[PDB]
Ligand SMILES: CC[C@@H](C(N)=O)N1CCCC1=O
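Next up: just one chain, as structure tokens, the form deposited without the ligand.
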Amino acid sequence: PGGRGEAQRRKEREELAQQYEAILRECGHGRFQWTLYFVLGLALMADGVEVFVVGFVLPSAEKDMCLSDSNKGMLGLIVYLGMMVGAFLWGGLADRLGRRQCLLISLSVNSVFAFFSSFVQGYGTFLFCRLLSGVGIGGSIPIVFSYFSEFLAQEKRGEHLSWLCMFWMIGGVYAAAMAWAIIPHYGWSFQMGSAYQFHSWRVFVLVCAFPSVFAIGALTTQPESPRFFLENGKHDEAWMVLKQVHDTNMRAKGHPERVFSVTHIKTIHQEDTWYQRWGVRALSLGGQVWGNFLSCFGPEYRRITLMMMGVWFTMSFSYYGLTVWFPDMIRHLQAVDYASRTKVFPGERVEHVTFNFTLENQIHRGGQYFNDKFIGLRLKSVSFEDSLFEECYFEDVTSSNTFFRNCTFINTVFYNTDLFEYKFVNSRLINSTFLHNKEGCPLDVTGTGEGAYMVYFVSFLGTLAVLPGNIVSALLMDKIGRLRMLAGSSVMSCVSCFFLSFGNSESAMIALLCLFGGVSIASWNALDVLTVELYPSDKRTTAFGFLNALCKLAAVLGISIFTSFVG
């Protein structure tokens, strides 16, 4: 009777899909689909902000706490682990919790946790709270695509479902713009009663998590998804959901909702201790999720599932590329760009002369002063090494970005300077008198901020230029159909000649990565939209959960093996 029961269930699912599609067609206009797409764009941009921050801003924002390289570099992989664990668990639980409730709690749990993280201290506390943010955010993509694909009709599924890349990219660009803006400017941190001179990235995390509360406020009015109610077999709630979504067309032009209600009731008739209790229903939910995973792994969907597993594995290369790989190349390019401006000062002092010209970006090697005396000299990016000064009574010498290594001074007095005894490392404290001097601070991220904002701008412009490469590619894989291969080959050949001829600069790499990012993101949307079409809605949310989980595992393991493969 097992085979007959399975065949009967398959027939039930087929007739349920047909009926669903019937309600989809009887709805009428798809402007409510536009509304849902715009609303869920906020969740998309929140996920984009999260992936942007973890890919780019996290390694450098930690310098206020001076974590080790094996701490800050690996922190990205811990946060990726957090989001993939969230993906596993909550994609699995999406088919049972309630997609609207699940999405709302997913947004809120990361939003409030980032709200708390933006002010707290602690070396491992930041890692823990970013794990919390990642486990909150990693489930956004599967939930959002399932939730939006339920509402959208079968015919208009392709275009209006694959146009979701726009909000993700706008979120990435907006997060990049905030990173460029807030990080270098210290006017946003004005406060009273708080002596902590923390860097602006504490405010940056808050302002980048703000789109999460945007999304929460957007979704607090949207109703629940009806097809989940149909899967549960519930009748009345899906009836109000469909009546509400049909009220949009009722306002538009007016439709016979009573007749549609008759079809809805017809298909309803066709489709017939607190702590202890937490574990009591948790074990049942986990067992049902395990059974769902075993069923989706069965002979019905084994070949297809493994086929995509291979497809994402060969596609995940572009994913970790565009998320984390080229950052090293672009930071190296920015470093060699910055190296062309700095200069070495071997000592330009002259006998019995007064020096007052402003000087910046100095690294000293052998620049000793022979009984010199200067007043009002401006020094920026101070780096003294084997450049001892004798009888240099400096007054009103405003200075910033002061760091020392292997240096000494004799009868040297500094006033109104940023010099501090904490920064003195591997040097002898000779004549290190800073009485009545301006209060110095440890450098921490101060020596990286100049490289921080400019790389934020280069990332911002890269993600901005990905969008024009996204539009044409999305139309390419939206409209052409079966023969997209010739257009794709033309695109790659043209962009190859593009950077080949255009390689007589340093923006050639920027253009190359922008074009490749556009192509890869369009392909990602194409894979998402085709996977939506293939899997049935009964097990689709858990599907996407496992798919995103495997994608993130592959993305992590890429760099995890590259760091020990080539170096």
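Definition used throughout: the rigid core is the maximal C-alpha set that superposes within 1.5 Å between two forms. Throughout, we count residues from 1 along the sequence that is shown.
Absent from the display: the form deposited with the ligand bound. The rest refers to it.
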Quick one: borrow the ligand from its position in the entry with it bound, overlay the C-alphas round the pocket, and report open or blocked for the shown form (blocked = 3+ atoms within 2.4 Å of backbone or C-beta).
-> open
Can you check whether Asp528 is within 4.5 Å of the ligand in the entry with it bound, heavy atom basis?
-> yes
Residue contact check: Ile141 to the ligand in the entry with it bound, 4.5 Å heavy atom | yes
Residue contact check: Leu36 to the ligand in the entry with it bound, 4.5 Å heavy atom | no
With heavy atoms only and a cut-off of 4.5 Å, decide whether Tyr320 touches the ligand in the entry with it bound.
-> yes
The ligand isn't shown here, but in the entry with it bound, which of 22-30, 516-524, 498-506, 535-543 has heavy atoms within 4.5 Å of it?
-> 516-524
Only one of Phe115, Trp312, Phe293, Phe260 has a non-hydrogen atom within 4.5 angstroms of the ligand in the entry with it bound; which is it?
-> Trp312
In the entry with it bound, the one of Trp168, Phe389, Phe204, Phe384 near the ligand [non-hydrogen atom within 4.5 angstroms] | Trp168
Core-superposed between this form and the one not shown, the one of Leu161, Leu464, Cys129, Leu230 with a C-alpha shift of 2 Å or more is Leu464
Rigid core fitted, is the C-alpha displacement of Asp418 between this form and the one not shown 2 Å or more?
-> yes
Did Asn504 shift 2 Å or more between this form and the one not shown, C-alpha, core superposed | yes
C-alpha of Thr433: shift of 2 angstroms or more between this form and the one not shown, rigid core aligned?
-> yes
What changes in the entry with it bound is the Cα distance between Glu21 and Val262, by 3 Å or more; the two atoms are closer
Relative to the form shown here, do the C-alpha atoms of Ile183 and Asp418 sit closer together or farther apart in the entry with it bound, given a change of 3 Å or more?
-> farther
